[PDB]
Q: 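I'd like to ask some things about the structure below.
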Amino acid sequence: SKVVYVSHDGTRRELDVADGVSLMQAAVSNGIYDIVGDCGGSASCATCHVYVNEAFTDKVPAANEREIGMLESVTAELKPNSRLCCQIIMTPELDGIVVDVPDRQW
Amino acid sequence: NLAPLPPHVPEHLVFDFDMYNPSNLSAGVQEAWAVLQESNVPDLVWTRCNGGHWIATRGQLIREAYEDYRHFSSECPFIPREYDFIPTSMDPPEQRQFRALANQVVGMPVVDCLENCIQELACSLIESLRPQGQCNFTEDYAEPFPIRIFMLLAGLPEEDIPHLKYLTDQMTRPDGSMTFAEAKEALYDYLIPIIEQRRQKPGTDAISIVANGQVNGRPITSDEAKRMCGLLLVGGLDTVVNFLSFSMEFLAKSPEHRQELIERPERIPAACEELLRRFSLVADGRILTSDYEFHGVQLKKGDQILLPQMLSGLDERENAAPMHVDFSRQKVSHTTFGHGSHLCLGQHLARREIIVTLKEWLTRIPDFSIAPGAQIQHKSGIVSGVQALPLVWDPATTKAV
Ligand code: HEM
Ligand code: FES
């Protein structure tokens, strides 16, 4: 299954991600450095911040309470489509998801 | 020696585990620790050893506690109460500032960047050892490898290794000459001048990146930089040393697991993840910031809790047959790097170190075993480990690449 990451500067990358792997884990394993994934993915750090594409929001399982809390601490502009992408888990349904990466994580 | 049972602690919760001298240690560190996970033993116990402290014994509780620094603070991470660094004793938010910095130097872009130096370093270590038929792995490889990486990262001269090897052992494992604070002070006295140098004449090595970095809105202080670099050196040298040794200890006793990785190098990354779970070796913890109830148990302000990282993976609820190593295991579940905001900064680097050591070792010395007549001595503690690992092989079975 496919995930597209677009950078703040317009750079595009695509990965083929196994079902059940986090968008963070895929990005951190594959040279997409504008996703940091500092805490390794228990939603404890806020360095895996992405803006999910508006054509996919309504297909990604909702943010839980821990995520929402940690979402308050993002450093780039928080948008309604902001998510912590260590909490977005690859599935059949997510084929072709586009996520935009903000210009900062630290 | 056992501290008097404080009045708020129920008696049926009493289980006197000594984390520095557990009962069945000649059976192996992990088995000795697995005693906290017999069916009869509860989730949360109070040991009277080491001045009295709680222990979490299941992965589920170890994770919640690590996810919860407002109740369980890192201000006092070590047991017993009686060591700077930065950022070990810090919580969020201040801790994020130093994490940011450490990530400029051991972060995944740096780790991806270094793969090839790392392999080259592994290869010459192994190549000097191959012809000899024998080595003490922990001293001849597990220590020089991560130390040589640190020297490359901080752009330190190769002639300095012996000196840091010494200062480092006196901290990690006192050979008994020097006090720990003394060893710490002497590490600081080597770093101080270099950090002054790299501030006034900055390079592109790890120390210049740290020493010229920003914390909060302003330049790091020499002293903050010093405290961080010592953690960068210490935290990655001792865990790595002991962990590589447990790994090689296992493979030395396990021809078929060796065979699998030799005949099929693709599985090595999955192998390394399995070895991380099975030979998990860290058990630090937290202090309670307030009185708080937690899984049927009332905990008092100032109480310390051991949250043994090593145990989660070994917990039969998290992994079927926890004491079996199986490189194929469907979901390798563990917290060998910790969990929550403090999750090892060196996690990316640690993995390459392991994967590279395995890859390069097995393609050169596929057959080796423990030296005849040795039995390996283990130590337990914050970082459990292996005293020495004497290995032998037939040079005739080895190969150069
Ligand atoms: C087998 C290898 C390793 C293991 C098992 C391991 C384990 C751990 C664990 C469990 C923690 C967190 C402790 C806590 O939550 O309080 C930690 C922290 C840390 N590790 Fe490692 N580690 C390893 C390798 C490394 C390496 C290669 C480095 C690089 C120098 C390193 C640097 C650090 C640092 C600087 C911290 C403090 C992080 C913090 O508290 O924010 N570690 N390590
Ligand atoms: S990786 Fe830390 S919150 Fe997502």
Side-chain angles (χ1 to χ4, degrees), chain A residues 42, chain B residues 2-3 5-6 8-50 52-68 72 79 246 249-250 253-254 257 273-286 288 292-299 303-340 378-382 384:
Chain A
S42 64
Chain B
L2 313 153
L5 177 63
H8 60 269
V9 179
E11 167 77 27
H12 76 283
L13 296 180
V14 152
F15 190 96
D16 288 341
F17 191 74
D18 189 353
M19 56 163 311
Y20 299 96
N21 287 281
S23 287
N24 299 296
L25 195 52
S26 63
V29 176
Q30 291 85 12
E31 291 84 1
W33 282 74
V35 91
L36 293 153
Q37 293 184 129
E38 333 268 79
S39 52
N40 86 72
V41 179
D43 284 5
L44 211 33
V45 299
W46 176 271
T47 177
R48 284 196 308 170
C49 292
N50 296 300
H53 63 90
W54 301 102
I55 307 158
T57 72
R58 297 298 159 167
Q60 299 56 241
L61 274 76
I62 292 152
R63 288 178 207 258
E64 286 147 39
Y66 280 130
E67 282 180 347
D68 190 348
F72 297 102
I79 285 174
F246 288 119
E249 198 195 344
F250 171 77
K253 313 201 278 248
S254 308
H257 289 82
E273 202 70 20
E274 176 68 342
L275 296 175
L276 282 167
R277 172 193 77 74
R278 179 66 185 62
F279 303 111
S280 202
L281 75 176
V282 184
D284 78 354
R286 298 296 183 259
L288 272 70
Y292 174 60
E293 169 156 62
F294 193 69
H295 282 258
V297 186
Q298 171 74 5
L299 317 177
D303 281 355
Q304 281 189 146
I305 184 159
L306 192 76
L307 291 176
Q309 284 92 344
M310 91 150 70
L311 277 194
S312 308
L314 304 184
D315 172 3
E316 34 303 284
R317 293 146 211 213
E318 283 206 2
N319 305 276
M323 309 308 294
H324 288 102
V325 174
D326 77 330
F327 295 152
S328 280
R329 186 176 280 276
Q330 195 36 50
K331 201 223 298 88
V332 177
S333 190
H334 75 72
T335 66
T336 296
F337 298 117
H339 192 79
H378 298 102
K379 79 265 224 314
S380 194
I382 292 169
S384 285

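Side chains included, hydrogens not; waters and symmetry mates left out as well; all remaining heavy atoms used. Chain letters run A, B, ... following the sequence lines, proteins first, then strands; residues in each count from 1.
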Q: Between B:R277 and B:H334 (side chain of the first, backbone of the second, donor and acceptor by atom type, cut-off under 3.5 Å), is there such a pair?
A: no
Q: What pairs with B:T47 under side chain to side chain donor-acceptor pair (under 3.5 Å), at least two apart in sequence or on another chain?
A: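 B:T47 satisfies side chain to side chain donor-acceptor pair (under 3.5 Å) with no other residue.
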Q: For a quick test of reading the model, state the closest non-hydrogen atom pair linking B:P308 to B:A56 and the distance between them.
A: CD-O, 3.1 Å
Q: Hey, does B:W46 have a side-chain heavy atom less than 4.5 Å from the side chain of B:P6?
A: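 A side-chain contact under 4.5 Å exists here.
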Q: For residues 304-319 of chain B, which residue pairs qualify under side-chain hydrogen bond (donor to acceptor under 3.5 Å, both in side chains), counting only residues two or more places apart or in two chains?
A: B:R58-B:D315, B:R58-B:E316, B:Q60-B:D315, B:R63-B:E318, B:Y66-B:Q309, B:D284-B:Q309, B:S312-B:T335, B:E318-B:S333
Q: With a 4.5 Å cut-off on side-chain heavy atoms, are B:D18 and B:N50 touching?
A: yes
Q: Side chain of B:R329, backbone of B:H324: donor and acceptor closer than 3.5 Å?
A: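 Confirmed, B:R329 side chain pairs with B:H324 backbone.
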Q: If we only count heavy atoms from C-beta on, is the B:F327 to B:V332 side-chain gap below 4.5 Å?
A: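 The answer is no; the side chains never approach within 4.5 Å.
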Q: Is the ring pair B:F279/B:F246 parallel, tilted or perpendicular, if the boundaries are 30 and 60 degrees?
A: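 B:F279 and B:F246: parallel rings.
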Q: Within a reach of under 6.0 Å around CD of B:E38, are more than 12 heavy atoms found that belong to other residues, nucleotides or ligands?
A: yes
Q: Taking all non-hydrogen atoms of both residues into account, name the closest pair between B:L36 and B:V41 and its distance.
A: O-CG1, 3.4 Å
Q: From B:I305 CD1 over to B:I79 CD1, what is the distance, rounded to the nearest 0.5 angstrom?
A: 8.5 Å
Q: For B:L311 and B:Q37, run side chain to side chain contact (heavy atoms under 4.5 Å, CB included): C-alpha distance rounded to whole Å, both residues' side-chain angles, the deciding distance at 0.1 Å, then the answer.
A: CA-CA 9 Å; B:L311 277 194; B:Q37 293 184 129; 3.9 Å; yes
Q: Would you tabulate the side-chain donor-acceptor contacts of residues 27-34 of chain B under 3.5 Å, counting partners in other chains and residues two or more places apart, or write 'none'?
A:
from	atom 1	to	atom 2	distance (Å)
B:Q30	NE2	B:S280	O	3.1
B:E31	OE2	B:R278	NH2	2.6
B:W33	NE1	B:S380	OG	2.8

Q: Kindly indicate whether the side chain of B:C49, heavy atoms from C-beta on, has any atom under 4.5 Å from the side chain of B:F17.
A: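 Counting from C-beta outward, B:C49 and B:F17 never come under 4.5 Å.
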Q: Check step by step if side chain to side chain contact (heavy atoms under 4.5 Å, CB included) holds for B:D303 and B:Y292.
A: CA-CA 10 Å; B:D303 281 355; B:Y292 174 60; over 6 Å; no
Q: Restricting to non-hydrogen atoms, name the atom on B:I382 and the atom on B:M19 that form the minimum distance, rounded to 0.1 Å.
A: N-CE, 3.9 Å
Q: Would you say that B:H257 contacts B:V325 through its side chain, given a criterion of any heavy-atom pair below 4.5 Å between the two side chains?
A: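 The answer is yes; the side chains approach within 4.5 Å.
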Q: Is there a donor-acceptor contact under 3.5 Å from the side chain of B:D16 to the main chain of B:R48?
A: yes
Q: Mind running side chain to side chain contact (heavy atoms under 4.5 Å, CB included) on A:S42 and B:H339 for me, showing each step along the way?
A: CA-CA 8 Å; A:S42 64; B:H339 192 79; 3.7 Å; yes
Q: For the residue pair B:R286 and B:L307, what are the closest heavy atoms and their distance?
A: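 What the structure gives for the nearest pair is CG-CD1, 3.7 Å.
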Q: Are the side chains of B:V297 and B:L13 in contact, using a 4.5 Å heavy-atom criterion?
A: yes
Q: With side chain to side chain contact (heavy atoms under 4.5 Å, CB included) as the test, would you mind laying out the steps for B:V9 and B:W54 before giving the verdict?
A: CA-CA 10 Å; B:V9 179; B:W54 301 102; 4.1 Å; yes
Q: Taking the side chain as everything from C-beta on, heavy atoms only, tell me whether B:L276 gets closer than 4.5 Å to B:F337.
A: yes
Q: Given the rule in the side chain to side chain donor-acceptor pair (under 3.5 Å) test, do B:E249 and B:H378 qualify, once you have shown the distances and angles that lead to the verdict?
A: CA-CA 11 Å; B:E249 198 195 344; B:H378 298 102; 3.0 Å; yes
Q: Does the side chain of B:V45 come within less than 4.5 Å of B:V14's, by heavy atoms?
A: no
